[PDB]
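Add 1404 to a position in the sequence shown, counting from 1, and you land on the number used in our numbering.
Cβ coordinates follow ideal geometry from the N, Cα and C atoms, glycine included.
Data block below; observations after.
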Amino acid sequence: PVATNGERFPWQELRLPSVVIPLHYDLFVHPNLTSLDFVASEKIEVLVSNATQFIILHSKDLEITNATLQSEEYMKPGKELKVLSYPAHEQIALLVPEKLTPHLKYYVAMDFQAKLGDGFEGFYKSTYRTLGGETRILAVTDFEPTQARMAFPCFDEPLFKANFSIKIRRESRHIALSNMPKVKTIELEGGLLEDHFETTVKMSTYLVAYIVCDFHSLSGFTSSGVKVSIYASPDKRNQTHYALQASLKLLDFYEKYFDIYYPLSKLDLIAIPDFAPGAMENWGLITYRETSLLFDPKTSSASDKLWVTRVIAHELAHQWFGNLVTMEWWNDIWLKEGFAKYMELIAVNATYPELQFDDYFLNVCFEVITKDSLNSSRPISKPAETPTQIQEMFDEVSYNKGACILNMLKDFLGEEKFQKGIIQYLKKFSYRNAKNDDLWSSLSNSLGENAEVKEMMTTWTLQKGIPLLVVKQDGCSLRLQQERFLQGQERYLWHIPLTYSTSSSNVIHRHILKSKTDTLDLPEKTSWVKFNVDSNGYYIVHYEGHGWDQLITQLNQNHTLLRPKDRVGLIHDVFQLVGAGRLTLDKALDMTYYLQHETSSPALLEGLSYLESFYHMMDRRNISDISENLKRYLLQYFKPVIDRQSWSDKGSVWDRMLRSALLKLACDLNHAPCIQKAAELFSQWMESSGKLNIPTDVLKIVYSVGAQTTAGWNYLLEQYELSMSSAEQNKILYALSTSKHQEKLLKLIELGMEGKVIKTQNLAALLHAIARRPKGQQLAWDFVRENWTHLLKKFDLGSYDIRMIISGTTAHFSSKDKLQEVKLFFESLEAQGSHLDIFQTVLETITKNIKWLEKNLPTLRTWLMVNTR
Ligand SMILES: *[C@@H]1O[C@H](CO)[C@@H](O[C@@H]2O[C@H](CO)[C@@H](O)[C@H](O)[C@H]2NC(C)=O)[C@H](O)[C@H]1NC(C)=O
Ligand SMILES: *[C@@H]1O[C@H](CO)[C@@H](O[C@@H]2O[C@H](CO)[C@@H](O)[C@H](O)[C@H]2NC(C)=O)[C@H](O)[C@H]1NC(C)=O
Ligand SMILES: *[C@@H]1O[C@H](CO)[C@@H](O)[C@H](O)[C@H]1NC(C)=O
Ligand SMILES: *[C@@H]1O[C@H](CO)[C@@H](O)[C@H](O)[C@H]1NC(C)=O
Ligand SMILES: *[C@@H]1O[C@H](CO)[C@@H](O)[C@H](O)[C@H]1NC(C)=O
Ligand SMILES: N[C@@H](CCCC[NH3+])C(=O)O
Ligand SMILES: [Zn+2]
């Protein structure tokens, strides 16, 4: 079957035929930034394997005005082809008047043209405010995973790699960047210019990139030669200094660690005004949101720095993981993304150990654990089809779990061995693709008895959920039962490595596992044991017997006798099992007593995080009695440390993080003093007409405070537009979402639609923010529900944007009622809407909420009332 206008389609599967193999693209693009469109011409050197009468490749909203196939041997320049367009598979078929012949190299060549894109996809238009207040346009690309086909027709699968020779034509007011460095620039008749770029190494289509803009740069050189350059609005070249330092340090590290030089002469990182993802790893031309790449010590904070450091790291890691060695297909996307999410950890701890990213990392896992503890979860490695499924593939599973199980795996195998493991892997696939299994093999092979590692990871990657490992203590024999962990199954088995210490020697007893059930003996009767040291393992431990109580009392006596990640980890599981139903809320709440002794901010903050979480539940629902005693228990306890915090920016990262943490908790809870001081700094800053410097750490706090008066709110929105700091704007906007006036917030949400004052790219994040506040949880839900039509014009489902606009506004619900209006909306979404897996997840989550409450709510009230006495 087929289309468009009559005539039939030679190929009826959404994948492409292996027959016609692409070897090289010649790619010319003539964009116009006034006309706001482009004209283009390409020339693909094919290579048939089996003779055939028709050629098949991808194309999308591309008008093709000339199709030929020249011969190199058959025929002299050059026969014309018949173009068949099948949209519902975003394919076009070429028609030859003469079947081709195996083992022969041809040249398919077409002329095409389109308008510059609307969205955040393909070859699209973006703008930005100068310091003068001028709006300015530029042209940029985003091809992952299925969008190179909207830019130039091609074989848009990650497996069909090729060389790419791009030529860009431009006004003299602009510059052109692309993956490779610029060979030359010729002038043209009318004073037009044409840039020629080094031919790329073999590489997938989704990684091709080109850009026209009038940006400025800071350049530098990695010790191994490469010219790193940070590109941004000319008014912003200052914020690009950190980006440069770190890129440099990082590329240096990577080359050494991976023991593979980065192939290209140059590496550019550019800060795109309008950019949907946080960044795109385009080889030699990595795009970023300004908030991922730009840093301004006046406005950028502890966390900020850490995060931009983080995404720069993550993106440079891609130059190897993904770029050099590309997964064969979007099912094992995780291979690219989990390994990159992981290498984050390594390289930053490596180069910037002061950022102390390690103590953080776990959160990456804790958070995936939250989503993996549902039935609506999935296997890191899964079948993928429609472009939409592919997009759905980009999530916490592929990213975080992937990064976590790898980390676990590195524990079982050790750095030096794991490092070797990857060096090999990379080199064995340089400039090509690799399969899920391919990786395991290259790792597990780093006598004469065998590293069976495969089995282990193979269960991890290919099935849902996360293991719960209950342990029973009877003198010197410990019962081990492994279950699928869920949050209130049958058929899951994990080769889950175990770890554990005892109250005795602080030494790490290891021991694998691969059966539904096993047992182990303890060399000496001991107080307590703690399985999964440092929490380096992707699983949970439940302590039946006095196992739980023993650990908790240990925490109140001499807690330092516990690893600070054990502490952290413990806190985590305790509260999770309370949701599992296996524990009762009082036990967890009781752990939170030792927190007055806890100096590991990691733990101190995690504990606090949960207490904080409960107050917020109570607050949304009207539950005034609990939320107010919780506020009180929070102010009173912790008032020691709360009152120890300086409205400054001194101390280590965690010291700063802790400061902002607490001081927020304080102002959020209305601690008169703090909320007065904050009030002060703002009125000062505002009336000093911006001259006064609020410390970046308390920055959000002050802004969010000053936003309570319509006087301040109106100054901040005014202040927002003029700002040159992506980072400051972020914080202003946040502070804007802390108003209590419906229309005020409503305004924001609408300005997000508009997308002229507040870029649409923020629409999700913003919505999410408002839905959080009790005031706006309704507004938001209303809006999304009402505007799902126009929303879907602006974004794709399932774009991460749409995906999070959905959950962000609903995932926090906890009533039977809300759970229907959602359930119902998801039914409604069921023309073009249905279906996103997030539809399930969202519900599974709202049920878990109602449950957790009806289950554990009464327990909360008494537990608190108890303290009051
Ligand atoms: C895109 O088209 C624009 C129209 O805005 C081009 O500019 C006109 O081009 C002709 C030939 O260069 C000139 O005679 C006019 O003076 C231009 N008008 C303006 C307002 O500049 C522009 O060259 C194109 N952009 C590119 C370089 O591709
Ligand atoms: C297309 O890309 C390849 C690399 O993917 C270019 O280079 C060859 O790559 C191998 C493998 O790393 C190197 O060892 C060789 O030095 C390169 N060979 C050559 C030709 O020098 C290759 O040159 C590119 N081909 C085109 C069409 O330019
Ligand atoms: C191409 O040829 C190979 C070997 O001759 C064969 O395995 C394959 O089926 C052919 N492709 C098709 C489906 O025509
Ligand atoms: C982090 O780096 C330090 C040295 O810089 C090292 O001791 C530690 O092993 C690293 N953490 C891991 C396991 O990556
Ligand atoms: C636990 O507490 C004691 C006294 O309260 C303290 O001096 C001791 O150093 C702590 N134990 C350890 C090993 O830190
Ligand atoms: N690969 C990108 C995500 C971009 C996906 C959408 N273009 C990253 O590392 O975050
Ligand atoms: Zn990535």
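Residues near residue i in its chain [Cβ-Cβ closer than 6 Å; skip 5 each side]
| i | result |
| --- | --- |
| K1858 | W1844 and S1848 |
| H1718 | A1744 and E1748 |
| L1648 | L1622, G1624 and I1634 |
| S1637 | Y1532 |
| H1620 | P1638 and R1641 |
| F1833 | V1729 |
| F1564 | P1426 |
Expected contact under 8 Å - CB spacing of residue i and residue j to nearest Å
| i | j | result |
| --- | --- | --- |
| residue 1376 | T1603 | One cannot answer for residue 1376 here, as it falls past the ends of the chain, which runs 1405 to 2273. |
| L1671 | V1630 | 6 Å |
| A1650 | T1713 | 5 Å |
| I2254 | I2210 | That belief does not hold up - the Cβ atoms of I2254 and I2210 are roughly 19 Å apart, past 8 Å. |
| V1978 | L1987 | 7 Å |
| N2271 | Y2037 | 6 Å |
| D2101 | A1706 | 6 Å |
| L1873 | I1784 | About 20 Å separates the two Cβ atoms, so there is no contact after all. |
| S1881 | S1907 | Wrong, their Cβ atoms sit about 17 Å apart, outside the cutoff. |
| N2166 | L2201 | Contact doesn't hold; Cβ gap of about 18 Å is too wide. |
Own chain partners of residue i with C-beta closer than 7 Å, once the 5 adjacent residues on each side are dropped
| i | result |
| --- | --- |
| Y1896 | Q1867, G1869 and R1888 |
| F1765 | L1749 |
| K1653 | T1755 |
| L1520 | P1435, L1440, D1441, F1442, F1527, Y1528, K1529 and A1543 |
Outcome for residue i when other beta-carbon atoms lying within 10 angstroms are tallied against a minimum of 16
| i | result |
| --- | --- |
| residue 1375 | Since the first and last residues shown for the chain are 1405 and 2273, residue 1375 lies out of range. |
| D1700 | buried |
| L1440 | exposed |
| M2269 | exposed |
| residue 2313 | Not covered by the structure: residue 2313. The range shown for the chain is 1405 to 2273. |
| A2131 | buried |
| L1596 | exposed |
| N1936 | buried |
| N2134 | buried |
| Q1416 | exposed |
| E1758 | exposed |
| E2010 | buried |
| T2193 | exposed |
| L1778 | buried |
| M1479 | exposed |
| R1577 | exposed |
| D1522 | exposed |
| residue 1388 | Coverage of the chain is limited to positions 1405 through 2273, which leaves residue 1388 absent and any answer about it impossible. |
| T2003 | exposed |
Short CB-CB distance (under 8 Å) between residue i and chain D
| i | result |
| --- | --- |
| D1465 | The structure shown contains no chain D; it is built from a single protein chain. |
Which residues DSSP lists as bridging residue i, in chain order
| i | result |
| --- | --- |
| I1572 | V1433 and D1599 |
| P1871 | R1888 |
| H1428 | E1449 and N1567 |
| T1472 | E1484 and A1513 |
| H1950 | Its beta-bridge partners do not exist; DSSP assigns none. |
| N1837 | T1730 |
| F1625 | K1631 |
| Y1904 | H1913 and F1935 |
| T1545 | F1527 |
| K1519 | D1441 |
| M1684 | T1691 |
| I1827 | DSSP, once it has assigned bridges, lists no residue as partnering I1827. |
Using 8 Å as the Cβ pair cut-off and three pairs as the minimum, do the region 1955-1968 and the region 1994-2004 touch?
Short answer: they touch.
Closer than 8 Å is the cut-off here; do at least three beta carbon pairs connect the region 1720-1739 with the region 1798-1815?
Remark: three or more beta-carbon pairs, one from each stretch, lie closer than 8 Å, so the region 1720-1739 and the region 1798-1815 are flagged as touching.
So, do the region 1660-1670 and the region 2001-2021 have three or more beta carbon pairs nearer to each other than 8 Å?
Verdict: no, contact absent.
Any 3 or more C-beta pairs closer than 8 Å across the region 2046-2061 and the region 2021-2031
Short answer: they don't touch.
Taking one C-beta from the region 1578-1587 and one from the region 1822-1835 each time, how about it: are there three or more such pairs within less than 8 Å?
When C-beta atoms of the region 1578-1587 are compared with those of the region 1822-1835, fewer than three pairs fall below 8 Å, so the two segments do not count as touching.
Does the structure place the region 1534-1553 close enough to the region 2171-2179 that three or more beta carbon pairs sit under 8 Å?
No, because fewer than three Cβ pairs between the region 2171-2179 and the region 1534-1553 fall closer than 8 Å, the two stretches do not touch.
Would you check if there are 3 or more beta carbon pairs closer than 8 Å linking the region 1834-1842 to the region 1808-1817?
Judged by Cβ distances under 8 Å, the region 1834-1842 makes no contact with the region 1808-1817, as fewer than three pairs qualify.
I'd like to know if the region 2106-2119 and the region 2080-2092 are in contact, where contact means that at least 3 CB-CB pairs between them fall below 8 Å.
Touching, yes, given that three or more Cβ pairs across the two stretches are closer than 8 Å.
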